[PDB]
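Step one of this worksheet: look at the structure below.
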Amino acid sequence: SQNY
Amino acid sequence: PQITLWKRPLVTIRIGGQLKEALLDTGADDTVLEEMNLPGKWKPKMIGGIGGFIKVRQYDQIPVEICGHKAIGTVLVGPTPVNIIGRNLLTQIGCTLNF
Amino acid sequence: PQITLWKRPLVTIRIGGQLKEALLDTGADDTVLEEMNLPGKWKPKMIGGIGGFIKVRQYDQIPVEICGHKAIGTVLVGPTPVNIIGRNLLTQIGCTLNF
């Protein structure tokens with residue numbers, strides 16, 4: 001979902 | 001191992017019988033690899049990064065060996081700038097951050 | 001401390017007289033902070049990741065305290081969805097990956  | 005961070009935490013993984021390099025990335029919820037063939041069913045998914053959102057293919061329950069340690073879990077494939085190993089598989093290999 | 005990866009590794013940081021939560025990100029070369037009106041000279045920069053590039057302002061020699069561990073270096077400020085602590089500061093606080 002969230003990938004930094 | 002203990003990996004310091006003066007350089008990118010890049011490691012060799014094995015996935016679908018093939019060796020690849022991937023970045024150990026505590027800032028990623030998920031494991032996202034650059035465009036590649038994987039066996040089995042996939043489903044379309046959207047994920048977010050620093051630059052916005054992308055479309056990926058989601059493969060579940062994929063075995064991945066990471067620096068010699070076994071994981072089996074979700075692998076996303078799409079237009080990521082680098083192969084990333086995210087927390088979903090980092091946790092499986094018993095990875096922690098320590099300072 | 002030791003930070004497990006079951007959850008996003010969010011920690012308290014202090015920068016520019018502000019307390020914030022920030023993500024410890026071994027995948028990030030740089031430290032990128034949510035839009036904030038820091039004083040000081042800056043230079044424009046583009047940084048990328050999943051989803052492409054965002055425009056940011058680069059500030060040099062900024063003191064940042066991360067879980068009580070002091071650091072000082074370059075911070076990039078712009079429309080990131082999340083405050084990100086990259087390897088440039090993670091190395092100063094002695095941060096390692098361990099498995």
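Identifiers for the structure tokens are assigned positionally: chains receive A, B, ... in sequence, residues are indexed from 1 per chain, and ligands are indexed from 1 in the order shown.
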Rotate and translate chain C onto chain B via least squares on all in-order Cα pairs, then write the result as an mmCIF file with N, CA, C and O atoms, in the first residue's frame.
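Generated output (superposed-v5.cif):
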```
data_model
loop_
_atom_site.group_PDB
_atom_site.id
_atom_site.type_symbol
_atom_site.label_atom_id
_atom_site.label_comp_id
_atom_site.auth_asym_id
_atom_site.auth_seq_id
_atom_site.Cartn_x
_atom_site.Cartn_y
_atom_site.Cartn_z
ATOM 1 N N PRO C 1 23.181 -11.446 9.451
ATOM 2 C CA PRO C 1 24.197 -10.417 9.259
ATOM 3 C C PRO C 1 23.786 -9.053 9.826
ATOM 4 O O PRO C 1 22.646 -8.884 10.242
ATOM 5 N N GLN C 2 24.720 -8.108 9.867
ATOM 6 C CA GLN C 2 24.425 -6.728 10.237
ATOM 7 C C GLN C 2 24.751 -5.893 9.008
ATOM 8 O O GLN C 2 25.825 -6.065 8.454
ATOM 9 N N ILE C 3 23.840 -5.004 8.611
ATOM 10 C CA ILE C 3 23.969 -4.177 7.410
ATOM 11 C C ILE C 3 24.030 -2.734 7.888
ATOM 12 O O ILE C 3 23.072 -2.243 8.474
ATOM 13 N N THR C 4 25.159 -2.062 7.675
ATOM 14 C CA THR C 4 25.234 -0.623 7.896
ATOM 15 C C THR C 4 24.551 0.151 6.750
ATOM 16 O O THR C 4 24.211 -0.413 5.694
ATOM 17 N N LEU C 5 24.311 1.436 6.986
ATOM 18 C CA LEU C 5 23.480 2.257 6.095
ATOM 19 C C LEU C 5 24.229 3.393 5.369
ATOM 20 O O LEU C 5 23.615 4.319 4.811
ATOM 21 N N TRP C 6 25.558 3.298 5.366
ATOM 22 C CA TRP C 6 26.428 4.194 4.604
ATOM 23 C C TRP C 6 26.039 4.143 3.132
ATOM 24 O O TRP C 6 26.026 5.150 2.437
ATOM 25 N N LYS C 7 25.729 2.936 2.674
ATOM 26 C CA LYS C 7 25.255 2.691 1.322
ATOM 27 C C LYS C 7 23.829 2.119 1.392
ATOM 28 O O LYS C 7 23.399 1.641 2.437
ATOM 29 N N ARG C 8 23.093 2.231 0.288
ATOM 30 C CA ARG C 8 21.848 1.507 0.075
ATOM 31 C C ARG C 8 22.034 0.039 0.485
ATOM 32 O O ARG C 8 23.021 -0.591 0.061
ATOM 33 N N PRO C 9 21.122 -0.488 1.328
ATOM 34 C CA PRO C 9 21.257 -1.851 1.851
ATOM 35 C C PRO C 9 20.757 -2.872 0.833
ATOM 36 O O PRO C 9 19.687 -3.442 0.959
ATOM 37 N N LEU C 10 21.574 -3.083 -0.188
ATOM 38 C CA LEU C 10 21.283 -3.973 -1.297
ATOM 39 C C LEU C 10 21.800 -5.369 -0.979
ATOM 40 O O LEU C 10 22.955 -5.531 -0.622
ATOM 41 N N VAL C 11 20.945 -6.378 -1.108
ATOM 42 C CA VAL C 11 21.315 -7.747 -0.794
ATOM 43 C C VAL C 11 20.852 -8.642 -1.940
ATOM 44 O O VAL C 11 20.042 -8.235 -2.770
ATOM 45 N N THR C 12 21.383 -9.856 -2.003
ATOM 46 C CA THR C 12 20.946 -10.818 -3.015
ATOM 47 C C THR C 12 19.710 -11.562 -2.530
ATOM 48 O O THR C 12 19.633 -12.010 -1.380
ATOM 49 N N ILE C 13 18.729 -11.640 -3.417
ATOM 50 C CA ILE C 13 17.533 -12.423 -3.204
ATOM 51 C C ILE C 13 17.377 -13.456 -4.313
ATOM 52 O O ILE C 13 17.908 -13.317 -5.421
ATOM 53 N N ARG C 14 16.648 -14.513 -3.995
ATOM 54 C CA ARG C 14 16.263 -15.492 -4.995
ATOM 55 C C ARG C 14 14.754 -15.583 -5.022
ATOM 56 O O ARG C 14 14.110 -15.815 -3.992
ATOM 57 N N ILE C 15 14.204 -15.365 -6.206
ATOM 58 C CA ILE C 15 12.771 -15.460 -6.409
ATOM 59 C C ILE C 15 12.492 -15.993 -7.808
ATOM 60 O O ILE C 15 13.135 -15.578 -8.774
ATOM 61 N N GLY C 16 11.559 -16.944 -7.885
ATOM 62 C CA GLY C 16 11.089 -17.478 -9.153
ATOM 63 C C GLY C 16 12.198 -18.083 -9.996
ATOM 64 O O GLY C 16 12.163 -17.982 -11.230
ATOM 65 N N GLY C 17 13.170 -18.704 -9.326
ATOM 66 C CA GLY C 17 14.387 -19.191 -9.975
ATOM 67 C C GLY C 17 15.380 -18.133 -10.452
ATOM 68 O O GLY C 17 16.325 -18.448 -11.182
ATOM 69 N N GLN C 18 15.184 -16.874 -10.064
ATOM 70 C CA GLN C 18 16.119 -15.805 -10.431
ATOM 71 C C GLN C 18 16.858 -15.269 -9.201
ATOM 72 O O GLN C 18 16.269 -15.132 -8.128
ATOM 73 N N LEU C 19 18.148 -14.992 -9.371
ATOM 74 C CA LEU C 19 18.918 -14.242 -8.391
ATOM 75 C C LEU C 19 18.887 -12.768 -8.759
ATOM 76 O O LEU C 19 19.153 -12.411 -9.904
ATOM 77 N N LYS C 20 18.555 -11.924 -7.785
ATOM 78 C CA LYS C 20 18.465 -10.477 -7.995
ATOM 79 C C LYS C 20 19.092 -9.713 -6.827
ATOM 80 O O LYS C 20 19.272 -10.254 -5.738
ATOM 81 N N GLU C 21 19.393 -8.445 -7.057
ATOM 82 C CA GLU C 21 19.679 -7.540 -5.951
ATOM 83 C C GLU C 21 18.412 -6.775 -5.596
ATOM 84 O O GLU C 21 17.654 -6.374 -6.491
ATOM 85 N N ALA C 22 18.189 -6.604 -4.291
ATOM 86 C CA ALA C 22 16.984 -5.945 -3.785
ATOM 87 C C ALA C 22 17.317 -5.092 -2.569
ATOM 88 O O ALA C 22 18.252 -5.389 -1.824
ATOM 89 N N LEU C 23 16.551 -4.026 -2.388
ATOM 90 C CA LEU C 23 16.823 -3.034 -1.339
ATOM 91 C C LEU C 23 16.048 -3.428 -0.083
ATOM 92 O O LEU C 23 14.825 -3.594 -0.153
ATOM 93 N N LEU C 24 16.723 -3.619 1.054
ATOM 94 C CA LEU C 24 15.983 -3.835 2.310
ATOM 95 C C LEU C 24 15.365 -2.516 2.783
ATOM 96 O O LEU C 24 16.077 -1.588 3.155
ATOM 97 N N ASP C 25 14.034 -2.447 2.767
ATOM 98 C CA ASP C 25 13.297 -1.199 2.905
ATOM 99 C C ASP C 25 12.293 -1.263 4.060
ATOM 100 O O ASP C 25 11.150 -1.724 3.875
ATOM 101 N N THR C 26 12.719 -0.768 5.224
ATOM 102 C CA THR C 26 11.871 -0.704 6.421
ATOM 103 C C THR C 26 10.703 0.264 6.263
ATOM 104 O O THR C 26 9.735 0.236 7.038
ATOM 105 N N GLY C 27 10.779 1.115 5.246
ATOM 106 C CA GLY C 27 9.734 2.080 4.957
ATOM 107 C C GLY C 27 8.589 1.507 4.132
ATOM 108 O O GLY C 27 7.513 2.108 4.099
ATOM 109 N N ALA C 28 8.835 0.373 3.471
ATOM 110 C CA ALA C 28 7.877 -0.289 2.594
ATOM 111 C C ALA C 28 7.043 -1.306 3.373
ATOM 112 O O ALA C 28 7.612 -2.198 4.012
ATOM 113 N N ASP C 29 5.716 -1.157 3.347
ATOM 114 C CA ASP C 29 4.791 -2.180 3.863
ATOM 115 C C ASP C 29 4.886 -3.474 3.062
ATOM 116 O O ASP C 29 4.827 -4.564 3.642
ATOM 117 N N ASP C 30 5.030 -3.320 1.742
ATOM 118 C CA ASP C 30 5.027 -4.401 0.753
ATOM 119 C C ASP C 30 6.371 -4.592 0.054
ATOM 120 O O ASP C 30 7.264 -3.750 0.127
ATOM 121 N N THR C 31 6.479 -5.708 -0.660
ATOM 122 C CA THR C 31 7.671 -6.088 -1.414
ATOM 123 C C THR C 31 7.291 -5.846 -2.872
ATOM 124 O O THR C 31 6.247 -6.303 -3.311
ATOM 125 N N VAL C 32 8.102 -5.088 -3.604
ATOM 126 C CA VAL C 32 7.777 -4.697 -4.973
ATOM 127 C C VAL C 32 8.988 -5.027 -5.820
ATOM 128 O O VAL C 32 10.113 -4.615 -5.481
ATOM 129 N N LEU C 33 8.765 -5.794 -6.881
ATOM 130 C CA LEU C 33 9.856 -6.296 -7.706
ATOM 131 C C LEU C 33 9.736 -5.723 -9.093
ATOM 132 O O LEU C 33 8.631 -5.430 -9.566
ATOM 133 N N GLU C 34 10.892 -5.572 -9.730
ATOM 134 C CA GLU C 34 10.964 -5.059 -11.087
ATOM 135 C C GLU C 34 10.193 -6.003 -11.999
ATOM 136 O O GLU C 34 10.025 -7.180 -11.693
ATOM 137 N N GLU C 35 9.698 -5.462 -13.107
ATOM 138 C CA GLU C 35 8.881 -6.230 -14.036
ATOM 139 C C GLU C 35 9.571 -7.566 -14.312
ATOM 140 O O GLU C 35 10.773 -7.603 -14.623
ATOM 141 N N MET C 36 8.815 -8.649 -14.123
ATOM 142 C CA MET C 36 9.310 -10.002 -14.327
ATOM 143 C C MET C 36 8.112 -10.913 -14.594
ATOM 144 O O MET C 36 7.046 -10.745 -14.007
ATOM 145 N N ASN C 37 8.289 -11.881 -15.484
ATOM 146 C CA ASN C 37 7.154 -12.683 -15.918
ATOM 147 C C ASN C 37 6.932 -13.933 -15.064
ATOM 148 O O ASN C 37 7.013 -15.056 -15.566
ATOM 149 N N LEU C 38 6.635 -13.722 -13.782
ATOM 150 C CA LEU C 38 6.289 -14.813 -12.868
ATOM 151 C C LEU C 38 5.036 -15.554 -13.328
ATOM 152 O O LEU C 38 4.053 -14.928 -13.719
ATOM 153 N N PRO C 39 5.051 -16.892 -13.237
ATOM 154 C CA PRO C 39 3.813 -17.639 -13.432
ATOM 155 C C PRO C 39 2.901 -17.502 -12.216
ATOM 156 O O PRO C 39 3.348 -17.141 -11.131
ATOM 157 N N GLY C 40 1.623 -17.807 -12.382
ATOM 158 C CA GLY C 40 0.706 -17.801 -11.247
ATOM 159 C C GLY C 40 -0.414 -16.809 -11.458
ATOM 160 O O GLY C 40 -0.313 -15.930 -12.314
ATOM 161 N N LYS C 41 -1.477 -16.972 -10.677
ATOM 162 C CA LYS C 41 -2.596 -16.040 -10.667
ATOM 163 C C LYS C 41 -2.128 -14.748 -10.007
ATOM 164 O O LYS C 41 -1.305 -14.767 -9.088
ATOM 165 N N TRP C 42 -2.640 -13.624 -10.487
ATOM 166 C CA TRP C 42 -2.360 -12.355 -9.850
ATOM 167 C C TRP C 42 -3.627 -11.510 -9.870
ATOM 168 O O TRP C 42 -4.600 -11.843 -10.560
ATOM 169 N N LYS C 43 -3.593 -10.437 -9.086
ATOM 170 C CA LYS C 43 -4.665 -9.456 -9.004
ATOM 171 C C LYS C 43 -4.025 -8.070 -9.162
ATOM 172 O O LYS C 43 -2.966 -7.809 -8.586
ATOM 173 N N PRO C 44 -4.635 -7.167 -9.945
ATOM 174 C CA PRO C 44 -4.078 -5.814 -10.070
ATOM 175 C C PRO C 44 -4.144 -4.980 -8.779
ATOM 176 O O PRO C 44 -5.073 -5.128 -7.986
ATOM 177 N N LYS C 45 -3.154 -4.116 -8.580
ATOM 178 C CA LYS C 45 -3.065 -3.285 -7.381
ATOM 179 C C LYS C 45 -2.372 -1.959 -7.752
ATOM 180 O O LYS C 45 -1.635 -1.897 -8.733
ATOM 181 N N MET C 46 -2.626 -0.920 -6.963
ATOM 182 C CA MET C 46 -1.929 0.360 -7.037
ATOM 183 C C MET C 46 -1.151 0.555 -5.731
ATOM 184 O O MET C 46 -1.720 0.378 -4.656
ATOM 185 N N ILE C 47 0.124 0.908 -5.790
ATOM 186 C CA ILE C 47 0.837 1.288 -4.579
ATOM 187 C C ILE C 47 1.505 2.639 -4.816
ATOM 188 O O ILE C 47 1.833 3.012 -5.952
ATOM 189 N N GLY C 48 1.641 3.390 -3.730
ATOM 190 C CA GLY C 48 2.150 4.741 -3.791
ATOM 191 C C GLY C 48 3.389 4.931 -2.944
ATOM 192 O O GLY C 48 3.738 4.108 -2.087
ATOM 193 N N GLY C 49 4.032 6.056 -3.218
ATOM 194 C CA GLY C 49 5.092 6.588 -2.380
ATOM 195 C C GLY C 49 5.434 7.945 -2.953
ATOM 196 O O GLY C 49 4.597 8.555 -3.604
ATOM 197 N N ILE C 50 6.662 8.406 -2.755
ATOM 198 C CA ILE C 50 7.081 9.698 -3.293
ATOM 199 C C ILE C 50 6.901 9.640 -4.807
ATOM 200 O O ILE C 50 7.294 8.661 -5.449
ATOM 201 N N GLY C 51 6.245 10.662 -5.354
ATOM 202 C CA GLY C 51 5.994 10.729 -6.783
ATOM 203 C C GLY C 51 4.651 10.167 -7.210
ATOM 204 O O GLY C 51 4.253 10.349 -8.346
ATOM 205 N N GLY C 52 3.936 9.504 -6.307
ATOM 206 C CA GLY C 52 2.584 9.036 -6.586
ATOM 207 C C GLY C 52 2.506 7.521 -6.645
ATOM 208 O O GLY C 52 3.232 6.816 -5.926
ATOM 209 N N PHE C 53 1.646 7.038 -7.539
ATOM 210 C CA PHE C 53 1.235 5.632 -7.588
ATOM 211 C C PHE C 53 1.744 4.936 -8.848
ATOM 212 O O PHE C 53 1.893 5.563 -9.887
ATOM 213 N N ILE C 54 2.072 3.652 -8.728
ATOM 214 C CA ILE C 54 2.308 2.805 -9.881
ATOM 215 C C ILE C 54 1.372 1.617 -9.833
ATOM 216 O O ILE C 54 0.951 1.146 -8.771
ATOM 217 N N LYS C 55 1.066 1.133 -11.027
ATOM 218 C CA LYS C 55 0.256 -0.046 -11.167
ATOM 219 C C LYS C 55 1.157 -1.271 -11.085
ATOM 220 O O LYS C 55 2.201 -1.320 -11.734
ATOM 221 N N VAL C 56 0.738 -2.250 -10.285
ATOM 222 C CA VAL C 56 1.476 -3.509 -10.101
ATOM 223 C C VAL C 56 0.584 -4.753 -10.118
ATOM 224 O O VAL C 56 -0.640 -4.663 -10.055
ATOM 225 N N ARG C 57 1.212 -5.920 -10.240
ATOM 226 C CA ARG C 57 0.492 -7.183 -10.179
ATOM 227 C C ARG C 57 0.807 -7.865 -8.860
ATOM 228 O O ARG C 57 1.963 -8.102 -8.548
ATOM 229 N N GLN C 58 -0.220 -8.214 -8.103
ATOM 230 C CA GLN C 58 -0.022 -8.852 -6.806
ATOM 231 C C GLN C 58 -0.039 -10.373 -6.931
ATOM 232 O O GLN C 58 -1.019 -10.940 -7.411
ATOM 233 N N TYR C 59 1.037 -11.021 -6.492
ATOM 234 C CA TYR C 59 1.151 -12.485 -6.498
ATOM 235 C C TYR C 59 1.231 -12.910 -5.039
ATOM 236 O O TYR C 59 1.969 -12.300 -4.277
ATOM 237 N N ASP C 60 0.484 -13.943 -4.654
ATOM 238 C CA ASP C 60 0.473 -14.410 -3.278
ATOM 239 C C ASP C 60 1.297 -15.675 -3.136
ATOM 240 O O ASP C 60 1.535 -16.394 -4.109
ATOM 241 N N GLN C 61 1.756 -15.898 -1.911
ATOM 242 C CA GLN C 61 2.468 -17.113 -1.534
ATOM 243 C C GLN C 61 3.653 -17.418 -2.433
ATOM 244 O O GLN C 61 3.845 -18.548 -2.872
ATOM 245 N N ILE C 62 4.476 -16.404 -2.676
ATOM 246 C CA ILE C 62 5.681 -16.572 -3.461
ATOM 247 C C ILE C 62 6.881 -16.767 -2.522
ATOM 248 O O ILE C 62 7.192 -15.879 -1.707
ATOM 249 N N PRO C 63 7.547 -17.936 -2.628
ATOM 250 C CA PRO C 63 8.820 -18.128 -1.925
ATOM 251 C C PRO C 63 9.899 -17.160 -2.442
ATOM 252 O O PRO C 63 10.088 -17.012 -3.655
ATOM 253 N N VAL C 64 10.565 -16.487 -1.512
ATOM 254 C CA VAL C 64 11.627 -15.527 -1.805
ATOM 255 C C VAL C 64 12.729 -15.804 -0.781
ATOM 256 O O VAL C 64 12.450 -15.768 0.422
ATOM 257 N N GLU C 65 13.954 -16.085 -1.223
ATOM 258 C CA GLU C 65 15.067 -16.203 -0.295
ATOM 259 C C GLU C 65 15.920 -14.936 -0.277
ATOM 260 O O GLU C 65 16.291 -14.410 -1.319
ATOM 261 N N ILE C 66 16.194 -14.442 0.926
ATOM 262 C CA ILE C 66 16.838 -13.150 1.142
ATOM 263 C C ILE C 66 18.104 -13.375 1.969
ATOM 264 O O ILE C 66 18.028 -13.687 3.168
ATOM 265 N N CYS C 67 19.256 -13.204 1.331
ATOM 266 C CA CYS C 67 20.539 -13.541 1.948
ATOM 267 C C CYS C 67 20.581 -14.915 2.600
ATOM 268 O O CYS C 67 21.103 -15.037 3.707
ATOM 269 N N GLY C 68 20.021 -15.934 1.954
ATOM 270 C CA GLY C 68 19.985 -17.264 2.544
ATOM 271 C C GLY C 68 18.876 -17.492 3.556
ATOM 272 O O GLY C 68 18.704 -18.604 4.025
ATOM 273 N N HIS C 69 18.106 -16.466 3.901
ATOM 274 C CA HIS C 69 16.960 -16.635 4.796
ATOM 275 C C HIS C 69 15.665 -16.756 3.986
ATOM 276 O O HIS C 69 15.299 -15.826 3.247
ATOM 277 N N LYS C 70 14.980 -17.889 4.139
ATOM 278 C CA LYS C 70 13.747 -18.173 3.427
ATOM 279 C C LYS C 70 12.564 -17.384 3.967
ATOM 280 O O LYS C 70 12.495 -17.088 5.164
ATOM 281 N N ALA C 71 11.654 -17.069 3.047
ATOM 282 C CA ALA C 71 10.453 -16.287 3.310
ATOM 283 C C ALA C 71 9.437 -16.691 2.247
ATOM 284 O O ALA C 71 9.788 -17.290 1.219
ATOM 285 N N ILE C 72 8.170 -16.424 2.511
ATOM 286 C CA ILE C 72 7.148 -16.698 1.507
ATOM 287 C C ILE C 72 6.000 -15.731 1.784
ATOM 288 O O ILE C 72 5.559 -15.586 2.917
ATOM 289 N N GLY C 73 5.540 -15.028 0.759
ATOM 290 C CA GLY C 73 4.440 -14.097 0.953
ATOM 291 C C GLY C 73 4.123 -13.351 -0.323
ATOM 292 O O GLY C 73 4.482 -13.784 -1.419
ATOM 293 N N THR C 74 3.466 -12.209 -0.176
ATOM 294 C CA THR C 74 2.969 -11.493 -1.333
ATOM 295 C C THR C 74 4.085 -10.682 -1.976
ATOM 296 O O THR C 74 4.815 -9.959 -1.283
ATOM 297 N N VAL C 75 4.235 -10.819 -3.294
ATOM 298 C CA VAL C 75 5.142 -9.957 -4.042
ATOM 299 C C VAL C 75 4.375 -9.180 -5.099
ATOM 300 O O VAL C 75 3.513 -9.720 -5.791
ATOM 301 N N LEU C 76 4.664 -7.889 -5.179
ATOM 302 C CA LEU C 76 4.037 -7.023 -6.159
ATOM 303 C C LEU C 76 5.039 -6.820 -7.301
ATOM 304 O O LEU C 76 6.218 -6.551 -7.051
ATOM 305 N N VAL C 77 4.576 -6.961 -8.544
ATOM 306 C CA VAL C 77 5.454 -6.845 -9.696
ATOM 307 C C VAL C 77 4.977 -5.698 -10.584
ATOM 308 O O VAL C 77 3.823 -5.638 -10.979
ATOM 309 N N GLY C 78 5.888 -4.798 -10.918
ATOM 310 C CA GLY C 78 5.568 -3.707 -11.821
ATOM 311 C C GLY C 78 6.773 -2.818 -12.051
ATOM 312 O O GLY C 78 7.891 -3.195 -11.685
ATOM 313 N N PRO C 79 6.560 -1.648 -12.682
ATOM 314 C CA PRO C 79 7.634 -0.733 -13.072
ATOM 315 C C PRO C 79 8.167 0.066 -11.881
ATOM 316 O O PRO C 79 8.134 1.306 -11.865
ATOM 317 N N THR C 80 8.664 -0.649 -10.873
ATOM 318 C CA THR C 80 9.453 -0.010 -9.839
ATOM 319 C C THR C 80 10.869 0.196 -10.391
ATOM 320 O O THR C 80 11.417 -0.664 -11.075
ATOM 321 N N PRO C 81 11.505 1.329 -10.069
ATOM 322 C CA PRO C 81 12.920 1.459 -10.440
ATOM 323 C C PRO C 81 13.893 0.455 -9.804
ATOM 324 O O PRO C 81 14.998 0.281 -10.316
ATOM 325 N N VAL C 82 13.512 -0.166 -8.687
ATOM 326 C CA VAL C 82 14.410 -1.003 -7.874
ATOM 327 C C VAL C 82 13.600 -2.112 -7.201
ATOM 328 O O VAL C 82 12.417 -1.924 -6.916
ATOM 329 N N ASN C 83 14.220 -3.268 -6.967
ATOM 330 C CA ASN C 83 13.556 -4.360 -6.247
ATOM 331 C C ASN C 83 13.574 -3.967 -4.786
ATOM 332 O O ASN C 83 14.642 -3.624 -4.257
ATOM 333 N N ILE C 84 12.402 -3.974 -4.164
ATOM 334 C CA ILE C 84 12.228 -3.513 -2.785
ATOM 335 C C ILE C 84 11.709 -4.635 -1.901
ATOM 336 O O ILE C 84 10.640 -5.180 -2.171
ATOM 337 N N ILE C 85 12.449 -4.936 -0.831
ATOM 338 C CA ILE C 85 11.995 -5.868 0.209
ATOM 339 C C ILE C 85 11.333 -5.097 1.356
ATOM 340 O O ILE C 85 11.967 -4.315 2.085
ATOM 341 N N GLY C 86 10.027 -5.306 1.481
ATOM 342 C CA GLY C 86 9.224 -4.576 2.448
ATOM 343 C C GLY C 86 9.042 -5.410 3.694
ATOM 344 O O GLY C 86 9.471 -6.570 3.755
ATOM 345 N N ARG C 87 8.345 -4.814 4.652
ATOM 346 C CA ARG C 87 8.214 -5.378 5.992
ATOM 347 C C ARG C 87 7.533 -6.739 5.996
ATOM 348 O O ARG C 87 7.803 -7.548 6.888
ATOM 349 N N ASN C 88 6.665 -7.002 5.017
ATOM 350 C CA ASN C 88 5.993 -8.308 4.940
ATOM 351 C C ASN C 88 6.984 -9.488 4.879
ATOM 352 O O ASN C 88 6.765 -10.522 5.492
ATOM 353 N N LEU C 89 8.093 -9.321 4.173
ATOM 354 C CA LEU C 89 9.156 -10.333 4.142
ATOM 355 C C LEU C 89 10.261 -10.078 5.191
ATOM 356 O O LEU C 89 10.833 -11.027 5.723
ATOM 357 N N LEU C 90 10.543 -8.818 5.521
ATOM 358 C CA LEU C 90 11.609 -8.499 6.481
ATOM 359 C C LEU C 90 11.343 -9.073 7.866
ATOM 360 O O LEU C 90 12.290 -9.476 8.566
ATOM 361 N N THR C 91 10.065 -9.125 8.246
ATOM 362 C CA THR C 91 9.664 -9.761 9.501
ATOM 363 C C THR C 91 9.878 -11.279 9.507
ATOM 364 O O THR C 91 10.185 -11.862 10.545
ATOM 365 N N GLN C 92 9.725 -11.929 8.358
ATOM 366 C CA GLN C 92 9.918 -13.375 8.263
ATOM 367 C C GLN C 92 11.381 -13.797 8.423
ATOM 368 O O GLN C 92 11.662 -14.908 8.876
ATOM 369 N N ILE C 93 12.311 -12.936 8.011
ATOM 370 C CA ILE C 93 13.745 -13.228 8.108
ATOM 371 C C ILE C 93 14.341 -12.717 9.421
ATOM 372 O O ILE C 93 15.528 -12.855 9.673
ATOM 373 N N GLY C 94 13.502 -12.146 10.275
ATOM 374 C CA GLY C 94 13.907 -11.741 11.620
ATOM 375 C C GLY C 94 14.590 -10.390 11.677
ATOM 376 O O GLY C 94 15.355 -10.134 12.599
ATOM 377 N N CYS C 95 14.309 -9.526 10.704
ATOM 378 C CA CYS C 95 15.034 -8.270 10.534
ATOM 379 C C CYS C 95 14.588 -7.186 11.512
ATOM 380 O O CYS C 95 13.388 -6.939 11.711
ATOM 381 N N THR C 96 15.581 -6.555 12.135
ATOM 382 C CA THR C 96 15.350 -5.471 13.079
ATOM 383 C C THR C 96 16.198 -4.246 12.745
ATOM 384 O O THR C 96 17.200 -4.351 12.042
ATOM 385 N N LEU C 97 15.749 -3.093 13.233
ATOM 386 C CA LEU C 97 16.535 -1.861 13.262
ATOM 387 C C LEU C 97 17.151 -1.727 14.639
ATOM 388 O O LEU C 97 16.518 -2.047 15.647
ATOM 389 N N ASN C 98 18.389 -1.248 14.698
ATOM 390 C CA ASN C 98 19.100 -1.213 15.962
ATOM 391 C C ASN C 98 19.952 0.039 16.085
ATOM 392 O O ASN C 98 20.792 0.305 15.228
ATOM 393 N N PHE C 99 19.742 0.812 17.150
ATOM 394 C CA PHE C 99 20.611 1.953 17.421
ATOM 395 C C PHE C 99 20.678 2.300 18.907
ATOM 396 O O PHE C 99 21.426 3.188 19.337
#
```
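Every residue of chain B with a DSSP assignment of helix (DSSP H, G or I), taken from the backbone, is listed as residues 87, 88, 89 and 90 of chain B.
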>> Which of stretch 52-95 of chain C end up as strand (DSSP E) when DSSP is run on this backbone - answer as a list in words?
In response: residues 52, 53, 54, 55, 56, 57, 58, 59, 60, 61, 62, 63, 64, 65, 66, 69, 70, 71, 72, 73, 74, 75, 76, 77, 84 and 85 of chain C
Residues just named, written with C-alpha atoms as an mmCIF file, in the first residue's frame:
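Saved to out-v7.cif:
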```
data_model
loop_
_atom_site.group_PDB
_atom_site.id
_atom_site.type_symbol
_atom_site.label_atom_id
_atom_site.label_comp_id
_atom_site.auth_asym_id
_atom_site.auth_seq_id
_atom_site.Cartn_x
_atom_site.Cartn_y
_atom_site.Cartn_z
ATOM 1 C CA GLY C 52 7.920 9.270 -10.009
ATOM 2 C CA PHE C 53 9.467 12.544 -8.868
ATOM 3 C CA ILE C 54 8.541 15.353 -6.492
ATOM 4 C CA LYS C 55 10.009 18.787 -6.273
ATOM 5 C CA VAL C 56 11.691 19.602 -2.939
ATOM 6 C CA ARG C 57 13.828 22.248 -1.233
ATOM 7 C CA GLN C 58 17.268 21.133 -0.074
ATOM 8 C CA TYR C 59 18.512 22.590 3.242
ATOM 9 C CA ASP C 60 22.047 21.800 4.431
ATOM 10 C CA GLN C 61 23.457 21.375 7.917
ATOM 11 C CA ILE C 62 20.124 21.039 9.680
ATOM 12 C CA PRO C 63 20.255 19.599 13.222
ATOM 13 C CA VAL C 64 17.665 16.802 13.577
ATOM 14 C CA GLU C 65 17.219 14.731 16.752
ATOM 15 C CA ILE C 66 15.916 11.191 16.211
ATOM 16 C CA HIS C 69 20.043 10.695 19.081
ATOM 17 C CA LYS C 70 21.475 13.890 17.562
ATOM 18 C CA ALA C 71 22.289 14.223 13.868
ATOM 19 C CA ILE C 72 22.948 17.085 11.476
ATOM 20 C CA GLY C 73 22.815 17.050 7.684
ATOM 21 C CA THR C 74 20.784 17.689 4.580
ATOM 22 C CA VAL C 75 16.994 17.735 4.815
ATOM 23 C CA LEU C 76 14.738 17.910 1.783
ATOM 24 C CA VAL C 77 11.377 19.647 2.258
ATOM 25 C CA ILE C 84 11.193 10.090 5.914
ATOM 26 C CA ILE C 85 14.524 9.525 7.688
#
```
